[PDB]
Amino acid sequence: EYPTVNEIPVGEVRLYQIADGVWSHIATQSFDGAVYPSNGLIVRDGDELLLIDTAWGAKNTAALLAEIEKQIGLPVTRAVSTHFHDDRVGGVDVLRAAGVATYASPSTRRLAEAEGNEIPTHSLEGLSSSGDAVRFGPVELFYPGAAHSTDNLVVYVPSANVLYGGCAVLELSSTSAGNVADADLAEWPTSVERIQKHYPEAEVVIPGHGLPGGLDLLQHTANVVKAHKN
């Protein structure tokens, strides 16, 4: 079953199979003293893998690559970071040094640079406006509008009907929107509505932190964020 913070010591990574050729990766990291789990995604594309998000730091990301080689045995050739925070880009230097081509939107790259985070090598164009969608290997990348951050992207895997929301989507047990220092609380519910409208057929929704669920994670996120904003 789906691993939680208690089952993953900081520095270890678990993989969880979501569908044929689709896995989440789960890592843990200390932030402001406390340990949190974090998810990303792995998608098979023929005999190579596309990585979505780092495992939140260099050591975790090196462990991620090791766990991928052990469990899956296919090379990660490209990676996309879904926003500029450390749980998404921390580890990019490890990926790049391992031969993985790293990508993010221009906005994410600029914000990462400004924050002193690692910076993905390549820009993902065509994602500047809310509702924009582009194909990238076996996934579609979608910019729903500002939410957890202004740059946040979501990822859909058409072959599996799996929607990876990153931090624009919250898990069902969540009662608050979490770290909102960079968030746009006024726009976030609208951004979620765009996701709902564009991916009504999604069967699994994976949040950036915590348990995957169904489409209800989307409405739940809008609700929490509205209640948070008050």
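The first residue of the sequence shown is number 1, and the count goes up from there.
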property: Average Cα temperature factor in the PDB entry - higher stretch of 6-14, 20-28; result: 6-14
property: 162-170 versus 66-74 - greater average Cα B-factor per the deposited record; result: 66-74
property: Top Cα B factor in the deposited entry, candidates 202, 55, 192, 43; result: 202
property: Identity of residue with top Cα B-factor, from 144, 91, 116, 106; result: 116
property: Among modelled residues of the same chain, the CA temperature factor third for residue 177; result: highest
property: Position of residue 87 among the chain's modelled residues by C-alpha B-factor, lowest, middle or highest third; result: middle
property: Within-chain third of residue 150 by Cα B-factor, per the entry; result: lowest
property: Chain thirds of CA B-factor: placement of residue 34; result: highest
property: Ranked against its chain, the third holding the CA B-factor of residue 95; result: lowest
